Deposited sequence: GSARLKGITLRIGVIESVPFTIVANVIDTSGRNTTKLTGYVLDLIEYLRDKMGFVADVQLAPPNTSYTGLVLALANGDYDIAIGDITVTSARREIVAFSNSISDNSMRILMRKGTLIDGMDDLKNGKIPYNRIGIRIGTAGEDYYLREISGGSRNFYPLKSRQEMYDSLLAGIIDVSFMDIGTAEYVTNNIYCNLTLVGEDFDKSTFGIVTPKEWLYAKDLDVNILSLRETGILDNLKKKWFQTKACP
């Protein structure tokens, strides 16, 4: 069966990631960003009541998906990659954005791209990977033959700090946020190599969800009418670094 979301309250899980979901203190928390604007465009068209819930600070991406599958949220919206392993336990809406990953490194590092990680120019333990990201499964399939021998990272902040401290030489990061951060916040970090792991971001929903069609039709309408493109431009066009 199927139903419309009008008048229904949705508990919407979101996860910190600038400029998708930007968390500010003042004591109260304020949220802004692409995701918050997207929720408003969807709410206005669909008429649901939004109960927006920020995931706890240490939540991983795969942790957010698992929390939704456990019933902690009704949907989850963010820079959440659609993967085969995740699709076993949740459904995803039609895509809100294309995606791919880039290699992140300190400016000036003598890395040309992915071959240098797959040739062994960099020992495995100098490749940092954030646990519970889609990048972890890429690493395990493409670089290490299933061996869990990357340098483990608990957060974006640990990724940035470990690069700047010379503990790792590279990590992986989604292209949209990687460009944002390296063009606006960490001016001495940079990207290298071709894009890889072409993928999509989707809204996470329960499997076999009553409201699947209503959400999908509305996402596709926002795509067709240019709203998703406008939102991307609004939040991601900036380049502060000199």
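Query raised in the report: What are the unmodelled segments when the structure is compared with the full deposited sequence, in sequence order?
Result: Gaps in the modelled chain, taken against the deposited sequence, amount to a single one at 27-32.
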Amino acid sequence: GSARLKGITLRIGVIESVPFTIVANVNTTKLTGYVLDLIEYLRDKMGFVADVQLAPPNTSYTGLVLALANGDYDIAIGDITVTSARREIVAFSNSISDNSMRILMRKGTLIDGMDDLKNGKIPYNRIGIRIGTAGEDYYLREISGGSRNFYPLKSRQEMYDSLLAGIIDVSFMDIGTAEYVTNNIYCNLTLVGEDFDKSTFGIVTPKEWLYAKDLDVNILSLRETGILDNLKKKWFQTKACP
From here on, numbers count along this sequence of modelled residues.
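If you superpose the two forms and keep the largest set of C-alpha atoms that fall within 1.5 Å, you have the rigid core.
Query raised in the report: Core-aligned, which moves more in 5 other deposited structures of this protein: 75-83 or 119-127, by CA RMS?
Result: Higher average C-alpha offset in 5 other deposited structures of this protein goes to 119-127.
Query - RMS CA shift, core-fitted in 5 other deposited structures of this protein, bigger for 202-210 or for 55-63 - result: More C-alpha displacement in 5 other deposited structures of this protein shows up in 55-63.
Report task. For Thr177, record whether it is unmodelled in at least a third of the other compared entries of this protein. Result -> In none of the comparable entries (those modelling both sides of it) is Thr177 left without coordinates.
Query raised in the report: Does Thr29, which is modelled here, drop out in at least a third of the other compared PDB entries?
Result: In all of the other entries, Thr29 has coordinates.
Report task. Look over 31-39 and 52-60 in the entry and identify the one with the greater average Cα temperature factor. Result -> It is 52-60 that shows the higher mean C-alpha B-factor.
**Report entry** Stretch exceeding the other in mean C-alpha B-factor - 97-105, 120-128
**Finding:** For C-alpha atoms only, the mean B-factor is higher in 120-128.
Query - Selection by C-alpha B-factor (highest) of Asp112, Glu88, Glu136, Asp74 - result: Comparing C-alpha B-factors across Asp112, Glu88, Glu136, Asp74, the maximum falls on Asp112.
Requested in this report: Could you say which of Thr200, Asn188, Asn184, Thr205 has its CA atom at the highest B factor, as listed in the PDB entry?
Outcome: Reading the PDB entry, the winner on C-alpha B-factor is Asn188.
Report task. Within this chain's modelled residues, let me know which third the CA B factor of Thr21 belongs to: lowest, middle or highest. Result -> Its C-alpha B-factor belongs to the lowest third of this chain's values.
Query - Chain-relative CA temperature factor third for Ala165 - result: Ranked within chain, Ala165 CA B lands in the highest tercile.
Report task. Determine, from the deposited record, the chain-internal third of the Cα B-factor for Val192: lowest, middle or highest. Result -> Ranked within chain, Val192 CA B lands in the highest tercile.
**Report entry** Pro152, C-alpha B-factor rank within chain (lowest, middle or highest third)
**Finding:** Its C-alpha B-factor, which the entry lists for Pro152, ranks in the middle third among residues of this chain.
Requested in this report: Give the position of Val82 by CA B-factor within its chain, expressed as the lowest, middle or highest third.
Outcome: As the PDB entry reports it, the C-alpha B-factor of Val82 lands in the lowest third of its chain.
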